[PDB]
Amino acid sequence: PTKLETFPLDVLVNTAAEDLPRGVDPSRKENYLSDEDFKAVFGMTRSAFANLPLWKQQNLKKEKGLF
């Protein structure tokens with residue numbers, strides 16, 4: 001698919017789901033973080049995160065306000 005746009009961490013954490021930017025899926029907020037923000041928040045590669053069990057992906061996001 002088309003490369004996703006990048007959005008600041010605070011926009012993703014503070015904006016209600018229905019108020020988010022066009023193209024932004026609130027169930028996949030981590031995919032819109034810049035590489036710098038993703039690395040800082042999750043401390044692992046995107047592929048590594050995507051390969052984790054769903055419960056773990058969700059739990060890590062919950063502790064960061066990204067779920």
# chains A, B, ... in the order shown; residues from 1 in each chain; ligands from 1
>>> residues_around(residues="residue 3 (chain A)", least_positions_apart="4", cutoff="12 Å", atoms="only C-alpha atoms", output="ChimeraX atom specification")
/A:23-24,31-32
>>> residues_around(residues="residue 57 (chain A)", least_positions_apart="2", cutoff="12 Å", atoms="only C-alpha atoms", output="PyMOL selection string")
chain A and resi 27-30+42+44+46-55+59-64+66-67
>>> write_last_selection(atoms="N, CA, C and O atoms", output="JSON list (two decimals), in the first residue's frame")
[["chain", "number", "residue", "atom", "x", "y", "z"],
["A", 27, "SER", "N", -6.42, 2.36, 15.16],
["A", 27, "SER", "CA", -6.08, 1.04, 15.70],
["A", 27, "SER", "C", -4.66, 0.64, 15.31],
["A", 27, "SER", "O", -4.16, -0.41, 15.72],
["A", 28, "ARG", "N", -4.00, 1.50, 14.54],
["A", 28, "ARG", "CA", -2.63, 1.25, 14.10],
["A", 28, "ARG", "C", -1.77, 2.50, 14.24],
["A", 28, "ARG", "O", -0.94, 2.80, 13.38],
["A", 29, "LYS", "N", -1.95, 3.20, 15.35],
["A", 29, "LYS", "CA", -1.22, 4.45, 15.56],
["A", 29, "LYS", "C", 0.29, 4.33, 15.43],
["A", 29, "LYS", "O", 0.95, 5.25, 14.93],
["A", 30, "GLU", "N", 0.85, 3.20, 15.86],
["A", 30, "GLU", "CA", 2.30, 3.04, 15.81],
["A", 30, "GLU", "C", 2.87, 3.15, 14.41],
["A", 30, "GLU", "O", 4.02, 3.56, 14.24],
["A", 42, "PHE", "N", 9.13, 2.15, 21.31],
["A", 42, "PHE", "CA", 9.12, 0.69, 21.36],
["A", 42, "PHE", "C", 10.45, -0.03, 21.47],
["A", 42, "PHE", "O", 10.49, -1.22, 21.77],
["A", 44, "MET", "N", 12.53, -1.31, 19.36],
["A", 44, "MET", "CA", 12.68, -2.48, 18.51],
["A", 44, "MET", "C", 12.31, -2.07, 17.09],
["A", 44, "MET", "O", 11.75, -0.99, 16.88],
["A", 46, "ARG", "N", 10.30, -2.12, 13.42],
["A", 46, "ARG", "CA", 8.88, -2.20, 13.10],
["A", 46, "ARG", "C", 8.49, -3.65, 12.81],
["A", 46, "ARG", "O", 7.44, -4.12, 13.29],
["A", 47, "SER", "N", 9.32, -4.37, 12.06],
["A", 47, "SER", "CA", 9.02, -5.76, 11.72],
["A", 47, "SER", "C", 9.00, -6.64, 12.96],
["A", 47, "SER", "O", 8.16, -7.54, 13.07],
["A", 48, "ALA", "N", 9.91, -6.38, 13.89],
["A", 48, "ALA", "CA", 9.96, -7.14, 15.14],
["A", 48, "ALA", "C", 8.64, -6.94, 15.88],
["A", 48, "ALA", "O", 8.03, -7.89, 16.36],
["A", 49, "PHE", "N", 8.20, -5.69, 15.96],
["A", 49, "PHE", "CA", 6.95, -5.39, 16.65],
["A", 49, "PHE", "C", 5.78, -6.09, 15.96],
["A", 49, "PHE", "O", 4.94, -6.71, 16.63],
["A", 50, "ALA", "N", 5.72, -6.00, 14.64],
["A", 50, "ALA", "CA", 4.63, -6.60, 13.87],
["A", 50, "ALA", "C", 4.57, -8.12, 13.99],
["A", 50, "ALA", "O", 3.52, -8.71, 13.75],
["A", 51, "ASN", "N", 5.69, -8.73, 14.35],
["A", 51, "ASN", "CA", 5.75, -10.18, 14.51],
["A", 51, "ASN", "C", 5.44, -10.66, 15.92],
["A", 51, "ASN", "O", 5.33, -11.87, 16.15],
["A", 52, "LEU", "N", 5.29, -9.73, 16.87],
["A", 52, "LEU", "CA", 4.96, -10.07, 18.26],
["A", 52, "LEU", "C", 3.51, -10.52, 18.33],
["A", 52, "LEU", "O", 2.71, -10.17, 17.47],
["A", 53, "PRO", "N", 3.17, -11.34, 19.33],
["A", 53, "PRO", "CA", 1.79, -11.79, 19.48],
["A", 53, "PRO", "C", 0.93, -10.53, 19.68],
["A", 53, "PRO", "O", 1.39, -9.52, 20.25],
["A", 54, "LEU", "N", -0.32, -10.60, 19.23],
["A", 54, "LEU", "CA", -1.23, -9.47, 19.35],
["A", 54, "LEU", "C", -1.38, -8.96, 20.79],
["A", 54, "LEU", "O", -1.44, -7.75, 21.02],
["A", 55, "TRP", "N", -1.44, -9.86, 21.76],
["A", 55, "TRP", "CA", -1.60, -9.39, 23.13],
["A", 55, "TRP", "C", -0.44, -8.49, 23.55],
["A", 55, "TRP", "O", -0.64, -7.51, 24.26],
["A", 59, "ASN", "N", -0.48, -4.61, 24.55],
["A", 59, "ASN", "CA", -0.03, -4.20, 25.87],
["A", 59, "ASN", "C", 1.04, -3.12, 25.81],
["A", 59, "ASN", "O", 1.01, -2.17, 26.58],
["A", 60, "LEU", "N", 1.98, -3.26, 24.88],
["A", 60, "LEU", "CA", 3.00, -2.22, 24.74],
["A", 60, "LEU", "C", 2.36, -0.89, 24.34],
["A", 60, "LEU", "O", 2.76, 0.17, 24.83],
["A", 61, "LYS", "N", 1.40, -0.92, 23.43],
["A", 61, "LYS", "CA", 0.73, 0.30, 23.02],
["A", 61, "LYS", "C", -0.10, 0.90, 24.16],
["A", 61, "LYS", "O", -0.14, 2.12, 24.34],
["A", 62, "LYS", "N", -0.76, 0.05, 24.94],
["A", 62, "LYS", "CA", -1.56, 0.54, 26.06],
["A", 62, "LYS", "C", -0.72, 1.33, 27.07],
["A", 62, "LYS", "O", -1.15, 2.37, 27.57],
["A", 63, "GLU", "N", 0.49, 0.85, 27.34],
["A", 63, "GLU", "CA", 1.35, 1.54, 28.30],
["A", 63, "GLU", "C", 1.89, 2.86, 27.75],
["A", 63, "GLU", "O", 2.46, 3.66, 28.50],
["A", 64, "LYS", "N", 1.71, 3.11, 26.45],
["A", 64, "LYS", "CA", 2.20, 4.34, 25.82],
["A", 64, "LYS", "C", 1.08, 5.26, 25.33],
["A", 64, "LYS", "O", 1.34, 6.28, 24.69],
["A", 66, "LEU", "N", -1.09, 4.60, 23.11],
["A", 66, "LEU", "CA", -1.25, 4.45, 21.68],
["A", 66, "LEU", "C", -2.25, 3.39, 21.24],
["A", 66, "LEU", "O", -2.36, 3.12, 20.05],
["A", 67, "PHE", "N", -2.98, 2.82, 22.20],
["A", 67, "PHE", "CA", -3.98, 1.79, 21.89],
["A", 67, "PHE", "C", -5.39, 2.41, 21.81],
["A", 67, "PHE", "O", -5.64, 3.46, 22.46]]
>>> closest_residue(among="A:21, A:58, A:26, A:33", to="residue 6 (chain A)", atoms="only C-alpha atoms")
A:33
>>> atom_distance(atom1="CA of residue 35 (chain A)", atom2="CA of residue 18 (chain A)")
24.7 Å
>>> residues_around(residues="residue 65 (chain A)", least_positions_apart="5", cutoff="9 Å", atoms="only C-alpha atoms", output="CSV table (one decimal) with N, CA and C atoms, in the first residue's frame")
chain,number,residue,atom,x,y,z
A,12,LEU,N,-1.1,11.9,17.9
A,12,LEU,CA,-1.6,10.6,17.9
A,12,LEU,C,-2.2,10.2,19.3
A,13,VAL,N,-1.5,10.7,20.4
A,13,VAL,CA,-1.9,10.4,21.7
A,13,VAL,C,-3.1,11.3,22.2
A,14,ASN,N,-3.1,12.5,21.8
A,14,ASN,CA,-4.2,13.4,22.3
A,14,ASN,C,-5.4,13.7,21.4
>>> closest_residue(among="A:7, A:19, A:2, A:56", to="residue 38 (chain A)", atoms="only C-alpha atoms")
A:7
>>> select_by_dssp(residues="chain A", states="alpha helix (DSSP H)", output="PDB file with C-alpha atoms, in the first residue's frame")
ATOM      1  CA  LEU A   9       3.422  11.413  18.823  1.00  0.00           C
ATOM      2  CA  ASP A  10       1.371  14.024  20.668  1.00  0.00           C
ATOM      3  CA  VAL A  11      -1.162  14.333  17.840  1.00  0.00           C
ATOM      4  CA  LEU A  12      -1.627  10.573  17.930  1.00  0.00           C
ATOM      5  CA  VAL A  13      -1.911  10.395  21.731  1.00  0.00           C
ATOM      6  CA  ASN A  14      -4.160  13.430  22.252  1.00  0.00           C
ATOM      7  CA  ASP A  35      11.191   6.183  12.772  1.00  0.00           C
ATOM      8  CA  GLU A  36      12.737   8.204  15.565  1.00  0.00           C
ATOM      9  CA  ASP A  37       9.528   8.126  17.580  1.00  0.00           C
ATOM     10  CA  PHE A  38       8.912   4.429  16.901  1.00  0.00           C
ATOM     11  CA  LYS A  39      12.413   3.506  18.041  1.00  0.00           C
ATOM     12  CA  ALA A  40      12.153   5.680  21.150  1.00  0.00           C
ATOM     13  CA  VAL A  41       8.711   4.395  22.137  1.00  0.00           C
ATOM     14  CA  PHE A  42       9.121   0.693  21.358  1.00  0.00           C
ATOM     15  CA  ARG A  46       8.884  -2.205  13.099  1.00  0.00           C
ATOM     16  CA  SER A  47       9.019  -5.762  11.722  1.00  0.00           C
ATOM     17  CA  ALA A  48       9.962  -7.143  15.136  1.00  0.00           C
ATOM     18  CA  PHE A  49       6.945  -5.393  16.647  1.00  0.00           C
ATOM     19  CA  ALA A  50       4.635  -6.603  13.871  1.00  0.00           C
ATOM     20  CA  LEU A  54      -1.231  -9.468  19.350  1.00  0.00           C
ATOM     21  CA  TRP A  55      -1.596  -9.385  23.133  1.00  0.00           C
ATOM     22  CA  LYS A  56       1.955  -8.058  23.449  1.00  0.00           C
ATOM     23  CA  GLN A  57       1.545  -5.483  20.683  1.00  0.00           C
ATOM     24  CA  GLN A  58      -1.576  -4.255  22.409  1.00  0.00           C
ATOM     25  CA  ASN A  59      -0.027  -4.201  25.868  1.00  0.00           C
ATOM     26  CA  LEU A  60       2.997  -2.223  24.739  1.00  0.00           C
ATOM     27  CA  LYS A  61       0.731   0.305  23.015  1.00  0.00           C
ATOM     28  CA  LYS A  62      -1.563   0.539  26.064  1.00  0.00           C
TER      29      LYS A  62
END
